[PDB]
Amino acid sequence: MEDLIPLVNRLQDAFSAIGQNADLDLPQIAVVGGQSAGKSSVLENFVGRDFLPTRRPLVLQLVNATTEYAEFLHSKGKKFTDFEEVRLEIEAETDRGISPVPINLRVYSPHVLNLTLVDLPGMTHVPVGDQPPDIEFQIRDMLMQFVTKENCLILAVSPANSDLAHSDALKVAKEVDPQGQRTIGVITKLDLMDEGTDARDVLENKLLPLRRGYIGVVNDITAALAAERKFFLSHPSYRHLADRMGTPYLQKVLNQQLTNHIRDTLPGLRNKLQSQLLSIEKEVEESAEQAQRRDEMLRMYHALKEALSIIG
């Protein structure tokens, strides 16, 4: 089943066309991190190009393919070769506070595996620029709409070179998933720890256990990936773990865990979407509010019908 991740990408597109994602409990990986956790670099190392500026969710659909381009759902036909204009388009579509309405970005490339990640805004604490006083709360509350849903896997990104108790990602993950059953740990910045310290206890799954494990990473992609591989092979604390460390390994294990997760939950999703259809089918058998309520219901009907056709 090379088609399972693509199948769910089509489900994501169907619901993103009507500005929906979080409420439908789709099987997906949400990427969670504090603003200084190194989340952006993890995603850019998967793509192998710099493309991030965020105030909305980015449904980043990496597709294995012979040809290399990017495609936004909201401008359906336009093929993107320049990832500098991909960055500009993310900013542009965002300006179209915080919103849970997803931006869907499909990247085709032979350097990527079949993998989809829902990147959520970095957690912050102090307002900067024209952000409101409660920006911390707005971001955290929007994150919660995604990560409270049972089919959401949490990619919890934490820096190695700070106390793990300070991790914004793990504070969120502990709240919604206290048993650590759907949280995958990413440990960044292992090259920027203090002299005579290491994160071996975390990376060996001993300090704060997660069922799905911890993967270490370090941030011209070919040179960057080469330097990462060389770091893990050279470092005496991480020599023995080296073949389950780094961004290629991380990308591989997420492909495997997402594929298996979609396999487990997609039949349950069909049932839940069917119950939603039966409920909304009863509802269908005028102010600006009342018209807007009718239009939203019809858009939802269309997305559900499109989605059920994808599942088959």
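So that there is no doubt, residue numbering starts at 1 and follows the sequence shown.
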What is the count, as a class, of unmodelled deposited residues between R96 and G97: none, 1 to 3, 4 to 9, or 10 or more?
4 to 9
Can you count, per the entry, how many deposited residues between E285 and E286 come without coordinates? Answer none, 1 to 3, 4 to 9, or 10 or more.
10 or more
Test of understanding: from the entry's C-alpha B-factors, which stretch has the higher mean, 228 to 236 or 171 to 179?
228 to 236
Where do the C-alpha atoms have the higher mean temperature factor in this entry, in 294 to 302 or in 20 to 28?
294 to 302
Given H261, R270, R244, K252, identify the residue with the highest C-alpha B factor in the PDB entry.
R270
Options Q257, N45, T66, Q61 - largest CA temperature factor per the record
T66
Position of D163 among the chain's modelled residues by C-alpha B-factor, lowest, middle or highest third:
lowest
By the recorded C-alpha temperature factor, relative to the other modelled residues in its chain, which third is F72 in?
middle
Splitting the chain's C-alpha B-factors into thirds, which one does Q131 fall into?
highest
Using the B-factors in the PDB entry, rank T54's C-alpha atom against the chain and give the third, lowest, middle or highest.
middle
Taking the C-alpha B-factors as the PDB entry records them, is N104 in the lowest, middle or highest third of its chain?
middle
